[PDB]
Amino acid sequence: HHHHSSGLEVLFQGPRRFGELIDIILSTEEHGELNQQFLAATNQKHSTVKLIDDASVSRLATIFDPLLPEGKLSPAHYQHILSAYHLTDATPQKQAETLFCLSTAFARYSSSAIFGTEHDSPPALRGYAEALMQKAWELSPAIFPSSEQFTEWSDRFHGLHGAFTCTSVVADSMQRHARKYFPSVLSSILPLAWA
């Protein structure tokens, strides 16, 4: 028996799987406080808790550095994402759209709405978001408008080549793209309050 109509199941399954991804990234064993803080942040589109001071920058480096060798998703972490989202046997295009929507979510985490501020942004979350986007590009370049748009978003995440850095705008831009081209995948990933 399905307790939810088909088109509404995403509203329950999505938050479940996002929580499982948060448990993978932020182990309750070593990072229980930050784990809770990342979960609590999904409950509204504004956060008074910020992670931009030197200590928070250090804490997040501890967490994400092992996941991002050479600035890219580790093979092991990428497999863990696939398992959590039941994508091990899925098409590269479905995998890419999912990773793109996760990139968008972590762009939002880094933005002025959540753990960033107007003038500052937790770099580890920006790096994680850009690596998710890089993997999506490798899996299916065609889900992006162009290689130029990929490079623009990527340069914005890293602050390269004179690009603007505001991740509220970066996240809004990628979210608009996902809403246009794969809104059901987006609905399956983005925290409800952030949609």
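Throughout, we count residues from 1 along the sequence that is shown.
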Mean C-alpha temperature factor, higher of 25-33 and 52-60:
52-60
Take the C-alpha B-factors listed in the entry for 140-148 and for 42-50, compute each mean, and give the stretch with the larger one.
42-50
Could you tell me which third, lowest, middle or highest, the C-alpha B-factor of residue 73 occupies within its chain?
middle
Residue 13: which third of its chain by C-alpha temperature factor?
middle
Position of residue 5 among the chain's modelled residues by C-alpha B-factor, lowest, middle or highest third:
lowest
Using the B-factors in the PDB entry, rank residue 114's C-alpha atom against the chain and give the third, lowest, middle or highest.
middle
Could you say whether, by C-alpha temperature factor, residue 158 belongs to the lowest, middle or highest third of its chain?
middle
